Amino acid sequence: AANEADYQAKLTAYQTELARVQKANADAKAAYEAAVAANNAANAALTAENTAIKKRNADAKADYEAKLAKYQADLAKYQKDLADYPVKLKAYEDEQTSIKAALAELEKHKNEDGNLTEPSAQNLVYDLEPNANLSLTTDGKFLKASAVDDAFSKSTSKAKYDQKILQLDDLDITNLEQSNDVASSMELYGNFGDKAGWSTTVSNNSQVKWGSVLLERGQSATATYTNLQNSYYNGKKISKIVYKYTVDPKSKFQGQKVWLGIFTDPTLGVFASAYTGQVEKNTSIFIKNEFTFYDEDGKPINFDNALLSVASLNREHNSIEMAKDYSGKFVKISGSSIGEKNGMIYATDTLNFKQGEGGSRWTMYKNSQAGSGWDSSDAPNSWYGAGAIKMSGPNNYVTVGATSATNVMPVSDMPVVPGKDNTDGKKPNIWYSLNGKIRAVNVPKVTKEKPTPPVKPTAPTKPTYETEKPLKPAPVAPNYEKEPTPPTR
C-alpha cells in the first residue's frame, strides 16, 4: 500500500508536468504559425512588389530610349542649323543691303512710266502655283463637272465649244440653275483630262482646272489652297491660303444666280458670271474677297506692307472693271491708266481698250500699233492697266467686279468714242485674280529669309531605376521539449 501511495503521488506529478509541457508546446506552435503567416505575407508582397519594380524600370527605360530617339534627331537638326546660321544670315543681310540700294536708285525714276510712284520692294512672291490643290466649302451649290460641260456645249458658248475652246465669258449660266446640276461635292473641269488639248480664255500657255459653284447674293465659297510650291513672304515659305469669295449683294445683275469658277491655281483667281445670254444695261457683278496666307506651321502670316497686284482693270466705252472696299493703301504706277477715285481703283480718267479711243494710250489687244496687247501677264506695259495695294496684317480683303459705266458716273462725264454708245449693255461677268505679280518695272524682290537663332534641345532626364528587394527567409521550426516518462510501481 505504501508503494501504491508513493506511485500515485509520482503519477500525479507526471500528469501535471506532462500537461505543462504540452500547453507550452501548443503556445510555442501558435507563435510559430503566426510567424509563418507574417513571413508569407511579407514575401507575397515582396514578390508582387519586385515584379512591379521590374515593370517600372522597363517602362522608364523604354520611355527614356524614346526620348533619346527624338533628342538625337532634334540635336542633329540643331547642330546643322547652327552651322548654317551665319551663311543664311549673310545672304539675308546681303540682299537687304542690295534692296536698300536699289530702292535709293528707284527714287530717281518714280515718276517715269511703269514705275511705282512710291518705291517699294515686293516681299511677297506669289505668281505661279500650277500644282496647287483646292478644297472648297460653300453655303451655295456645288456644280457637277458634267453639268458645266453641258452648259459650255449649249447656247452662247457652243460655237467656241465645237472648236475645242472653252470661252468662259460666253457661258450662259441659264443651264447651270437646275437641281440636276448640283453635285455632292466639288468637281473639277477645264482643259485637262479628256480636254487636255483644248484652249480656254483664261490662259494660253497652260492647262487650267476649276471647281464650280452656283451662288446667290450674300452666299459664298471658301477656298483652301495647299501644296503651294513657289510662293514666299520675306523668303519664308507660304504653305496654305484660305480665300473666301462672296457675291456682293449690291451687284446689279439681273436674276438671282451667279456661277463661280475657282481655279486650282490660286494665282489664276476666279471667273464670276451672271450672264444669261444677253447683255444688260445698268448691270454689275462684284465679288468680295477675304484672304489669309499661312506659313509652314499653319500660322497666319502677318503682312508688313506686302504688295498685292491689282491688274487687268479693263475699261471700255460702256464698262468699268474696278476694285473697292479694300484693306491697305493703293499705290499708283506712274503712267498707268489706273488710279484711285472715291475709294475705287480703276481707269479713272480714260478708257484703256483701244489707242485713240477715250484717251487710251495703247490697245489692250495685239495689233499693228506699238505697245498694243498691254493686257497680258507678259506684256512689258501690262502696268498700263494695273496698280497695287500695300497691305499689312493677317486678314485682308478687297472687292473686285465689272459694272456698266452709267452706274459710276453720268454720261456727261464720260469719254466719247465716235460711233459708240456709252449706254450699251454689257455681260455681267468677269475674270480676275489677286496675286503678287506686280506689273511695275524693276521692283526689288525679297528671296532670302532671315534665319532665326537655333534653339538647342534638352537632353532627356535620366531614367530613375529602383532595385528589387531580397525575399524573406522562412521561420525556423521551434524545438519542442520532450515529454516526461510515466512512472512505474
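Throughout, we count residues from 1 along the sequence that is shown.
S.K.: As stated in the PDB record, which stretch has the larger average Cα B-factor, 124-132 or 170-178?
M.R.: Higher mean C-alpha B-factor in the PDB entry: 124-132.
S.K.: Select between 442-450 and 50-58 the stretch whose C-alpha atoms have the higher average B-factor in the entry.
M.R.: Comparing 442-450 with 50-58, the higher average CA B-factor belongs to 50-58.
S.K.: Return the residue from 83, 202, 99, 333 that has the highest Cα B-factor in the entry.
M.R.: Out of 83, 202, 99, 333, the record gives the largest C-alpha B-factor to 202.
S.K.: Within this chain's modelled residues, let me know which third the CA B factor of residue 79 belongs to: lowest, middle or highest.
M.R.: It falls in the top third of the chain.
S.K.: Please rank the C-alpha B-factors of the chain's modelled residues and tell me whether residue 367 sits in the lowest, middle or highest third.
M.R.: Middle third.
S.K.: What third of its chain's C-alpha B-factors does residue 422 belong to: lowest, middle or highest?
M.R.: Its C-alpha B-factor, which the entry lists for residue 422, ranks in the middle third among residues of this chain.
S.K.: What third of the chain, by the recorded C-alpha B-factor, contains residue 293?
M.R.: It falls in the bottom third of the chain.
S.K.: Using the temperature factors of the C-alpha atoms in this entry, rank residue 118 within its chain: lowest, middle or highest third.
M.R.: Its C-alpha B-factor belongs to the highest third of this chain's values.
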